[PDB]
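The form deposited in one PDB entry is given below as one chain in C-alpha cells.
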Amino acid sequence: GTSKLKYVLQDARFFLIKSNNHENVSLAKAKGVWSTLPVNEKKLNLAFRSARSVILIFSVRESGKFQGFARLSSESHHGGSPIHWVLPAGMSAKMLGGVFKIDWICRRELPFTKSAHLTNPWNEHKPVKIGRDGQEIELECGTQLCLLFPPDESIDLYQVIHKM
C-alpha cells in the first residue's frame, strides 16, 4: 500500500540529484550515504532543519531514468572513513567530503517516459526530469513523482516515520 509513503511525503521537500555515474548511486544504496558539491550541501543542510522530510530523487546522467529516492536522516558530516566514490573529471574527493546519512524509500527505477506529464514550477515548468544536480522540486510535483515509482516491497517505512 501507499499510506505510510504518503505520510512520509507529507510537507516534505524534494531535491533532484544528478549523479555522473551508476557506481556512486549503487554505493549510496548499499551504504545509506550521499555526498554532493558544496553549493548543494549547504542547501540540503538548510532544508534538513526546515522540513519534516527531505527527499532526494536520484537520476544517473544519460540513463533516461530515475534510480530511486531516499530521505535525509542527518545533516552532512566530515571525518568519517572516506567513502570510495568514483570521481568524475574535475570532481575531487575534497569536494564530496560532506556525507549525508539517508534512508532509502524506493530503490526501483522509473523511466523518464513515465514522468512526462509532471512539470516543476521551480524550474520554469520544464519536465521534472530536467534540472541541475540539487534542483528543488515543488511539493505537489515531487509528491506525484515519488508516487509514480513502482512499490519497493523490501522497504518498511515504520522506522522512517519515527525519525520525523
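From 1 onward, residues are counted along the sequence shown. In this text, the rigid core denotes the largest set of C-alpha atoms whose superposition between the two forms falls within 1.5 Å.
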Test of understanding: from the entry's C-alpha B-factors, which stretch has the higher mean, 69-77 or 90-98? 90-98
On average, are the C-alpha B-factors higher in 39-47 or in 52-60? 39-47
According to the PDB entry, is the CA B factor of residue 140 in the bottom, middle or top third of its chain, that is, lowest, middle or highest? lowest
Classify residue 130 as lowest, middle or highest third according to the C-alpha B-factor given in the PDB entry, relative to its own chain. middle
Please place residue 162 in the lowest, middle or highest third of its chain according to the CA B-factor in the PDB entry. highest
Taking the C-alpha B-factors as the PDB entry records them, is residue 27 in the lowest, middle or highest third of its chain? middle
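The same protein also exists as the form deposited in another entry; that form is not shown, yet it is the one meant from here on.
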Listed 139, 118, 96, 60; moving between the shown form and the other one by 2 Å or more at the CA after core fit is just 96
Taking the rigid core as reference, does the Cα of residue 130 move 2 Å or more between the shown form and the other one? no
If the two forms are fitted on the core, does residue 30 show a Cα displacement reaching 2 angstroms between the shown form and the other one? no
Given that the CA-CA distance for residue 23 and residue 79 shifts by 3 Å or more in the other form, does it become closer or farther? closer
Change in CA distance between residue 132 and residue 91 in the other form, which is 3 Å or more, as closer or farther: farther
